[PDB]
Amino acid sequence: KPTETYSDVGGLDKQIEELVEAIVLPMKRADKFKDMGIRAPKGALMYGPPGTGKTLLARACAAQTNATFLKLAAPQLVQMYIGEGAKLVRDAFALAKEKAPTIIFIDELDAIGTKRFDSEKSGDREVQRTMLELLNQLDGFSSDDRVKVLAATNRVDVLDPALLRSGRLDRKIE
Amino acid sequence: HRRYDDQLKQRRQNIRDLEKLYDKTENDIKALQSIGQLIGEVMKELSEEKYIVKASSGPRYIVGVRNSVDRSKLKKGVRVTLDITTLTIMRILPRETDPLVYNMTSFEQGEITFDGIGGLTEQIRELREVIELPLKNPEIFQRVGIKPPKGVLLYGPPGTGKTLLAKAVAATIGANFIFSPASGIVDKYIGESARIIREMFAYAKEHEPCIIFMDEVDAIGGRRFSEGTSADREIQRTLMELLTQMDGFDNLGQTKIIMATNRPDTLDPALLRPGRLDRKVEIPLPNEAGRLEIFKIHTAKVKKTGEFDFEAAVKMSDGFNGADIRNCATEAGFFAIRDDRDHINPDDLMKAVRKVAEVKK
Amino acid sequence: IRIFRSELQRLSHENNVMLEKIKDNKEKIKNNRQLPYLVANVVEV
């Protein structure tokens, strides 16, 4: 539960309208979407230069709903022995069990999120198995609004239609 | 004083329950005294009773056989169970090198049903005859004297028709669903694409009822000029190995190779020749009549009004498959909150069009 | 108070039979487990 508001950083209300719609609304009150049977989105794809509010409004969106801030650094996801960053998918989910709400953040998604034309995720298996564990954890709770996963980076290059859906990162917020 | 007989049957159950709990503890004590073994793969076959192997826990060794050794299922290049002392083979293990259950998606039969692929029935009917038939009854084409096709090319817009047709074919046939995208092939490594196809061919060899599917094969293709390698290491090894598997001495008769790309002209014509890829199938966008059955799966499953009009949002929808309508029904709920309704309206679903039109053309 | 005490003695004694049986098992299950546990990861269950 970091301490922040939306008035500390101004001028982003254009982007905040897209953030509150894809984060605060499906999380805070889910009774409107559950009565319709549809599944609320658990995240929205975010990209932009550093300091533009992608990492500034991260704690702001977590403070409005009173959620725990978990940041995943890109250099911290690459190691020698298989483990570490690959376990952070379960580590961030482990804190989601006891704590009633949750919001998970990923800093510099392009490290593990952009495969480009290379399979190098097979070379370093901490990067690939990290994305593999996300598919299992994002499908764990379909109707639960208390588990959220977010990511922020510079730009978006490789698209993954398997990741584009309700309950995962879909809507692009620039 | 006779009321204690009810407790007699209750306490007797506890005597039998604790006796079973204390018995399982002794079984765990006896299980700790067991001795495990090692694991390795045969590097070279010296003879029938001698196999040159490579230990995972140590250097290369040459071991023998112990018992229950099936020489048909065990051969050169098969994972074995090494002995730590006498260096023998005890149990036969399936061939596994890379995380075939992680890097490659293996699921029992299919997932997506026929209602999502609807509208292609004219094309699907011709595809099932050359695919579903040789997988079920291989003796159909044996009496005719022909061979079933191997590669079948399904190409179209990204995310449209690639995921649906992948899991729908394996659902009607009954063969397992293998997802091995082409993005897990070309990298920076020494001989990566050489061992990816071999282990993929080894998995399809062990389990016959399986079908291999790929994704984004445009990056691993291309003819260059003379069809050699210039500043691309892993492309040419993929082009030749895929040609030698189907046209070689041992092909996959129980497994069909499927590729997915945007256009067939972006691939290598060497793989598009007869003998490997015999089928080029274009995936178009669903029309007004095709999308009528698409909104009847996910959108019709969620709670909606009885007066909800499906045809109202079909004219404004462009290329929305069963996966894309999940977001349309989701985005329709945001605009329906202002009206204070527990269901969805046809005009509220049409508001999700212009919202998506800001990103896509 | 009369018939119940006859069957209670049998169940109480049988509970002592497994008591001495687990008494030697509790010493084995704790001692057989190696206290300096080594870090390991199971690849396939």
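Easy rule for this one: first residue shown is 1, then count along the chain.
Per the header of the entry, the method used was electron microscopy, 7.5 Å.
Note that Cβ sites are derived from N, Cα and C of the backbone, with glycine treated the same way.
According to Swiss-Prot, the features are:
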- B:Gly156, B:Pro157, B:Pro158, B:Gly159, B:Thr160, B:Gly161, B:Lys162, B:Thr163: ATP binding site (BINDING)
Cβ-Cβ distance under 8 Å to B:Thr163 (ATP binding site), same chain, at least six residues away: B:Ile112, B:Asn321, B:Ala323
Nonlocal residues around B:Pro157 (ATP binding site), in sequence order (Cβ under 8 Å, 6 or more apart): B:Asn262, B:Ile283, B:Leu285, B:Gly319
Candidates B:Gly156, B:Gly161: member of the binding-site residues with the richest Cβ shell (10 Å): B:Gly161
Candidates from B:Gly156, B:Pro157, B:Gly161 close to chain A, where binding-site residues are judged by Cβ under 8 Å: none
Fewest other C-beta atoms within 10 angstroms, as judged across B:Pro158, B:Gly159, which are the binding-site residues: B:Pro158
CB contacts for B:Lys162 (ATP binding site) [other CB atoms within 10 A, all chains]: 23
